[PDB]
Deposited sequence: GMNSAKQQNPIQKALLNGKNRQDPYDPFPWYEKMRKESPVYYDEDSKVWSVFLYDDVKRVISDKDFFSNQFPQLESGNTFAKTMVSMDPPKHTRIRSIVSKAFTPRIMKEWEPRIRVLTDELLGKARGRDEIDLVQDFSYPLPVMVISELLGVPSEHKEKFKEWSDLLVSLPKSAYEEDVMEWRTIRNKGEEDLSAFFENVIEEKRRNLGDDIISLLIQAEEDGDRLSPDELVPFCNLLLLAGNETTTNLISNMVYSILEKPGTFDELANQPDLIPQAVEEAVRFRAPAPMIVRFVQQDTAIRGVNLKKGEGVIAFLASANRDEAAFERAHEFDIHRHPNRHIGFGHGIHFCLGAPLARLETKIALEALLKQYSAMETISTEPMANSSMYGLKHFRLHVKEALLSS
């Protein structure tokens, strides 16, 4: 199924590690060392997108020196001491969410927990008032939505609805930013307005797209990370109990979950200058797809790479990327995923995988549905 691409990754890692897809004229790297270099060697592999212009005004499609300046300003709202300030608040949202599924022996992890949590957390951290939370969730859904099919009529119908959602969401953020200027709070928008690098501040044209990027890059990744982590835990007997009895292994397990079932399987780069990888030449301009999922299953990088080992420490996966584009939200994803698993391991003494349905999203590795038989404590 689409939830087991790993045999194919292993095949590619052994048969065509650096593969050229003649049809699309795009490269694909699967070896850990090759993927690591493609996503980190900024001098030879760029993030800028020449042609085919969902990421464009964000720092994801930027290179230095433009990227460096915005990255150093947005980093001030995600420091370790800021993460500790959010912890208690995220714990309350999590308990409220898990609490609603009390009184049932079967739950759907996605619809009842993993999908709504990240939206609820980012909404709360962005200072979205409770009266506008329902409308904010709709906008977010439209932002991370994909068309029914590749049929051009279906694609054009979707673009119109998604472009209006983006316009209304952007306008909503535009007004919130101005309102927060005269009444600053502890919300991320308030923090970004006050952030300054020698007097250099983000403008409204850079602030609004960054807010959209937080939803775009953190909603489904976190949702899938939680889903994939729970699936990996229940897949290996005794692990659920092991984590419940020794709760300080959870962060390590979260890192192993990112290595075992990375929610973002591949990252995209564009050749900046002529170079080579494992006897094969890549010409400047060609698109490269670095498969993080395959790199984290590489047998030459990890011992017993096909086994979920919650005791691996340090974990050198590159599931959050590597280099100047290292996921800005990793501290929040790590915090949010830990709390989610802590809540599950406290509210339930036993959980059993009933059925799963993979997320149909091509560029994503996660579950649409995760039916679980559960026993409350």
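J.: Counting from residue 1 of the deposited sequence, where are the gaps with no C-alpha coordinates?
T.: Model skips 1-22, 76-78, 403-406 of the deposited chain.
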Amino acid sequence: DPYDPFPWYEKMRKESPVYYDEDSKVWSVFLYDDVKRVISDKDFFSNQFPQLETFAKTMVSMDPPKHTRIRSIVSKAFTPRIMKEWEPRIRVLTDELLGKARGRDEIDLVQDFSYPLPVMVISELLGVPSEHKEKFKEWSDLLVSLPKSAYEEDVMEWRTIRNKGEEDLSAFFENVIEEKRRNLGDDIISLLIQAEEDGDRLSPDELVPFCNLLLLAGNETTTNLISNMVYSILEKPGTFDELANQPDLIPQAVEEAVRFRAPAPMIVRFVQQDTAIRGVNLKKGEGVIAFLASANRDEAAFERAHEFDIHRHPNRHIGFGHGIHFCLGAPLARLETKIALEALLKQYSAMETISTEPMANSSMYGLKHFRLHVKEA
From here on, numbers count along this sequence of modelled residues.
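J.: Per the record, averaged over C-alpha atoms, which has the higher B-factor: 280-288 or 67-75?
T.: That would be 280-288.
J.: Can you tell me which stretch has the higher mean Cα B-factor, 186-194 or 141-149?
T.: Per the deposited B-factors, the answer is 141-149.
J.: Based on what the PDB entry reports, which of 256, 242, 200, 154 has the top C-alpha B-factor?
T.: Each of 256, 242, 200, 154 was compared by C-alpha B-factor; the highest is 154.
J.: Tell me, please, which of 273, 123, 222, 232 has the highest C-alpha B factor according to the deposited entry?
T.: The C-alpha B-factor peaks, among 273, 123, 222, 232, at 273.
J.: Could you place residue 311 in the lowest, middle or highest third of its chain by Cα temperature factor, using the values in the record?
T.: Lowest third.
J.: Lowest, middle or highest third: where is residue 252 by C-alpha B factor in its chain?
T.: For residue 252, whose C-alpha B-factor we compare with every modelled residue in the chain, the answer is the lowest third.
J.: Pull the Cα B-factor of residue 118 out of the PDB entry and bin it into the chain's lowest, middle or highest third.
T.: For residue 118, whose C-alpha B-factor we compare with every modelled residue in the chain, the answer is the lowest third.
J.: Please rank the C-alpha B-factors of the chain's modelled residues and tell me whether residue 158 sits in the lowest, middle or highest third.
T.: CA B-factor rank for residue 158: highest third.
J.: Taking the chain's C-alpha temperature factors as the reference, tell me which third residue 55 falls into: lowest, middle or highest.
T.: For residue 55, the deposited C-alpha B-factor lands in the highest third.
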